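Step one of this worksheet: look at the structure below.
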Amino acid sequence: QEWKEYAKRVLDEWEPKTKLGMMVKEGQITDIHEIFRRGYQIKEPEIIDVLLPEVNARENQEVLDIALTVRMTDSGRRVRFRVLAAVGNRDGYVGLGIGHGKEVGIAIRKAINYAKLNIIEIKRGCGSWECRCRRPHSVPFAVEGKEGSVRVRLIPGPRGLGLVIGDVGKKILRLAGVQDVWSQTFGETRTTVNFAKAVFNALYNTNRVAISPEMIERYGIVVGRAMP
RNA sequence: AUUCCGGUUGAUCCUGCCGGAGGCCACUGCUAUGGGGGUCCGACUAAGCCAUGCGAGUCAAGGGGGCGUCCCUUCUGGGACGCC
Ligand SMILES: [Zn+2]
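So in the deposited numbering, spot 188 of the first sequence is number 190, and the numbers just go up one at a time.
See below:
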């Protein structure tokens, strides 16, 4: 309910700037599932804040990396902060963002804003040989994701088995909603940005695999939010 | 738990190895209140060398004898009873 009044207040205070913003403010769009899979552009965070207001919860916002960066000038060293952050709701919507600033706080606000703009939609299910239930507690099937030199393979796992994946990967998966998965990684996983983006791509690729209608019943495939 | 993290740069991304983090076995510093179960305790170097004690005996219903007790007939000798 609190997030519902937050959405109401931001809707009252918000003036549209883009076509999608005007559409949402008018009311043609009322569910977050209606902004994806249409080719629209999301350049205004108010849409996310209104349709999926729970992403603003501190428990639902996570910062994955803070990196000091330096560039040389004849007058010395100019120092910048790069903050990699992840946001989303624990029901099938997640997003990852990178923000640059002169201070950690500025970088954090920019990164969270970009993550909100970059939010995506994923599909969950169960496809593990040892589990064979119909609940959306894991990834429906094995998926791949590559960024830089980091390759991440996510495999379904039985219920009760936690996230067998690096810390940042399990943080991203927890934000997305997944809670049981096995991992297989190659490359330099110590590069936090590349690893997080690889996990993001692996989660995103769940929509790039053709499935017959029977597979939905077999694996309990749920797109975006579930029975909630 | 089908996992990672630290380290080449003014800063970035790679390859590559080194180190942390787990289990098991052998020595070892500090320390120690109990009870049960087990197939643990001079294998790693010397299958090197050994004081002393013990670790393979049993059969009297296979045989002839010696010792001692008794019942004795009675110099003879018969029979039981054990021990050597
Ligand atoms: Zn399952």
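From the three backbone atoms N, C-alpha and C, an ideal C-beta is built for every residue, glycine too.
Can the beta-carbon of residue i be found closer than 7 angstroms to that of residue j?
i	j	result
residue 101	residue 88	no
residue 161	residue 139	yes
residue 222	residue 136	yes
residue 174	residue 145	no
residue 46	residue 20	yes
residue 66	residue 86	yes
residue 152	residue 191	yes
residue 10	residue 18	no
residue 147	residue 204	yes
residue 69	residue 84	yes
Is residue i near ligand 1, judged by its Cβ being under 6 angstroms from some heavy atom?
i	result
residue 231	Residue coverage of the chain in this structure runs from 3 to 230, which leaves residue 231 outside it and unanswerable.
What does the Cβ neighbour count give for residue i, buried or exposed, with the cut at 16 atoms within 10 Å?
i	result
residue 48	buried
residue 43	exposed
residue 130	buried
residue 230	exposed
residue 186	exposed
residue 181	buried
residue 123	buried
residue 55	buried
residue 170	buried
residue 107	exposed
residue 228	exposed
Keeping to the same chain, check which residues put their C-beta closer than 6 angstroms to that of residue i; ignore five residues upstream and five downstream.
i	result
residue 184	157, 159 and 166
residue 143	129
residue 199	149
residue 195	86
residue 51	12
residue 163	182
residue 32	none
residue 25	31
residue 81	72
residue 225	125
residue 8	55
residue 35	226
residue 127	138, 142, 221, 222 and 223
residue 188	153
Ordered along the chain, which non-local residues of its own chain (more than five positions away) have a Cβ less than 7 angstroms from that of residue i?
i	result
residue 90	57, 62, 96, 97, 121, 177 and 178
residue 117	87, 88, 89, 97, 98 and 99
Got a sec? Which residues, its chain only, sit under 8 angstroms from residue i by beta carbon, not counting five neighbours each side?
i	result
residue 211	143 and 145
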